[PDB]
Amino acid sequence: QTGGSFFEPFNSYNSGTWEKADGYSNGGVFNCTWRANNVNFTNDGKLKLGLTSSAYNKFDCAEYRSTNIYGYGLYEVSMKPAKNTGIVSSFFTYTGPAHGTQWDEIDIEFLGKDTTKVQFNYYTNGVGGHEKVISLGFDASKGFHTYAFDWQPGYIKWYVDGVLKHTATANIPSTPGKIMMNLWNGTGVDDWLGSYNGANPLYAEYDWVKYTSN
């Protein structure tokens, strides 16, 4: 039912293990439309997500996700988020209504307004409110760093370059979800993300993702 351990180096588009969001907007606070053309693979082997504009105040963003669902285990990413007011660069697990389940999600999010910090959160049956902002001690937009979360039945443990930065024990998610990565500009969450100034193009880079099942 759920996928097994894998290593993803982003050398090319593998249309059997991953897919590109295309032609729709998540709406709400998401003020951009997902475009497959904004999901690119560099020559030096990176997944590079772009936030673009081709029309007056009309933003094109990007998301990449697995075709498989995954359960408990260690999730690791090597990435460099975009730095700009009003955006988010992330790594997260997601399952929800549209997949015929409750909304269960675990996140690693970079608020563009300040890439010196990272935000950790999780949703269980759509109940969030577990935000934890960590000062990284470096500017994540400057180099690649390894971010990870160890998802187990009774806990969630988040790591930065192999160092434990946060542990959560309350109302932990349990529904297996897809692995996702995206870059987007917000609307009406100025408080949280800063307002978006329309700066384009903007890019988030990913060197690899690794999943280790129990």
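We number the residues from 1 along the sequence you see.
Asks: Hey, which bit's got the bigger mean C-alpha B factor in the entry, 85 to 93 or 122 to 130?
Replies: Result: 122 to 130.
Asks: Quick one: say whether 26 to 34 or 46 to 54 has the higher mean Cα B-factor in the deposited entry.
Replies: Here the higher of the two C-alpha B-factor means belongs to 26 to 34.
Asks: Just the C-alpha B-factor column, please: which of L74, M79, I106, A98 has the biggest number?
Replies: Among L74, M79, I106, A98, the PDB entry lists the largest C-alpha B-factor for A98.
Asks: Just say lowest, middle or highest third for the CA B-factor of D161 relative to the other modelled residues in its chain.
Replies: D161: CA B-factor falls in the highest third of its chain.
Asks: Report the third (lowest, middle or highest) to which the CA temperature factor of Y206 belongs, ranking only the modelled residues of the same chain.
Replies: As the PDB entry reports it, the C-alpha B-factor of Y206 lands in the lowest third of its chain.
Asks: State the tercile, meaning the lowest, middle or highest third, of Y147 with respect to the CA B-factors recorded for its chain.
Replies: It belongs to the lowest third of the chain when residues are ordered by C-alpha B-factor.
Asks: Hey, what third does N182 fall into on Cα B-factor, ranked over its chain?
Replies: Its C-alpha B-factor, which the entry lists for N182, ranks in the lowest third among residues of this chain.
Asks: Quick one: classify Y155 as lowest, middle or highest third of the chain based on its Cα B-factor.
Replies: Highest third, going by the recorded CA B-factors of the chain.
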